[PDB]
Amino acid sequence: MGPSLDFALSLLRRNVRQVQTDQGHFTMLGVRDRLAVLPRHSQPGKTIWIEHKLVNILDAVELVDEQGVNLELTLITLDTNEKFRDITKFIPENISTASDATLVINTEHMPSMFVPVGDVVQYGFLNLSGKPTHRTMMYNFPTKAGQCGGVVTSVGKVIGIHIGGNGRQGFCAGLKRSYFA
């Protein structure tokens, strides 16, 4: 088997988990140790359903930039035995664009799902349901409900988390390594 598909399947196996909050189904990225990331609008509570069991959340941190403005990402620290494989070295130091990327989704409704969103470009400001958001990127693919939390990847790099779309385009929150230091 080739190397792009090997890395994507390895993500699914070790780092990209099926979750449910009171807002419904999401894809969750485990970054290292007991630290994961979800979209802010998933509103993780005191507990979260992960794959086949209810896991306690020890801490949640919603990320905003210096402008006080929403970045649409919540860092969760989980109460588990599991250490996630550390994938911080695949996350660029600065939010990066990409050609021919793939969005990897993993939900109970959309399990191990691969979506070819194409090129991923700087976009910046986005308005999601009256919530202003910075540091977004855009792909010209008609993403859909149930795909938030999805992992934007390409060439062994992990560059975003899907948060939105308008029926013709999709949008992720950009990743940078400093968030997971």
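Quick note: we count residues from 1 along the sequence shown, nothing fancier.
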Practice task
Going by the average Cα B-factor in the PDB entry, point out whether 115-123 or 40-48 comes out higher.
Solution key: 115-123
Fill in the blank from the handout: Comparing 128-136 with 28-36, the higher average Cα temperature factor in the PDB entry belongs to 128-136
Handout entry: C-alpha B-factor winner, where the candidates are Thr107, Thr74, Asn94, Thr77
Key = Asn94
Exercise for the section: Using the temperature factors in the entry, find which of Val155, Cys148, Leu58, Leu54 has the highest value at its Cα atom. Expected result: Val155
Problem - CA B-factor ranking of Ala181, expressed as a third of its chain - result: highest
Handout entry: Chain thirds of CA B-factor: placement of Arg13
Key = middle
Problem - Third assignment of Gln23 from its chain's C-alpha B-factors - result: middle
